[PDB]
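Take a look at this one chain, the form deposited in one PDB entry, written out in structure tokens.
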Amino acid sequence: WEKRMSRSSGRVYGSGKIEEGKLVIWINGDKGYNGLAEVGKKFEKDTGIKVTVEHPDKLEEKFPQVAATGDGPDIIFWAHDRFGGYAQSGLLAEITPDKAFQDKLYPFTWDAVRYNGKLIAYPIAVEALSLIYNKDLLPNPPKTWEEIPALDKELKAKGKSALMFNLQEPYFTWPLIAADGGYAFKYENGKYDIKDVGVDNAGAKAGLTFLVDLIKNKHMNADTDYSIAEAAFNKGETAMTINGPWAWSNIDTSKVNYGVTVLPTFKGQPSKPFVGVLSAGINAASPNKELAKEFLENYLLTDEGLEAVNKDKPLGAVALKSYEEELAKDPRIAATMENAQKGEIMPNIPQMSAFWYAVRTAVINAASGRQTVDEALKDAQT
């Protein structure tokens, strides 16, 4: 009864699900996938190996599902935080760059893709949220979160608003939650403590309460998502937004005269955005691991490869030492680094998936009023 009702009963996955002799790459739709496809086409021109870049919706949830059956892309791009879960499930190949190649990338970026002593992805770029502001509406961005309500009252009189950003993904609210003490998992003595979650302490509660108060006082709307905030800022309807380097391209196209700067402080403390390392993992069921290695090491992670992607959508602070130096001049990147400094590198442990889902629910429910801050964060905690 037990076996025969389960899909696992005498189950052997089919062969040839992932096509040998080509590369399929998944990357998020807010990244420079058209630029990545340019690198892929160069690879095809040189080597005859076709590269297909796709940007599926919710790829970070689709990948573990399809890869578990030996299907999916040869290469998956995502922030490093999801990869430990993939690795634990046996979905990622350990990557084997030689010492010469490892020397080309910053050591801390290799650390972000290390799991149980193994490298499980290639690091590409360091991402951190910054405060983005309309210099025409706001020549001087606020130093503190606390002064934003007063700013909104000013701009509401002019038919504008102070601030809009994605409230549907907890990634964007985390800088405020972590500012005065909130944390995900406590890193102590070489390991994250999965029983030590800091989403319901005094600091986290204070931060989320300030967010909820902004909404209660009609300075923000609870259902604002990525597209709503991006559209509003790039139309010049709101003075500020919170976003990463990938967003700069659309603002460059917009008519907005904008700047990128340090996130405001909360209770005198710097906002602490979670830092992500955009990373490329190789599917453990791929028959093309040698092709993937060649593409990633000798085509993408070069000055020419990163330039192609960066020209589509800015990567931020790239992990490649040689190319990072060329872009260090950019004040937007400098601001990105400053915020990344003040923040924390995301854990990559398998528990991150559940953590993000819990905090997503908590932030959405607190913001919309489905739950109080105390109720919401209590649930998020273990």
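We call the rigid core the largest set of C-alpha positions that still match within 1.5 Å between the two forms. Just count from 1 along the sequence shown to find any residue number.
There is also a form deposited in another entry; it is not shown, and the following applies to it.
Core-superposed comparison between the shown form and the other one: the CA of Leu119 exceeds or equals a 2 Å shift. For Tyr299, the Cα coordinates differ by 2 angstroms or more between the shown form and the other one after the core has been superposed.
CA of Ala328 to CA of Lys143: closer by 3 Å or more in the other form than in the shown form. Expansion of the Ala79-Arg360 CA spacing by 3 Å or more is recorded in the other form, set against this form.
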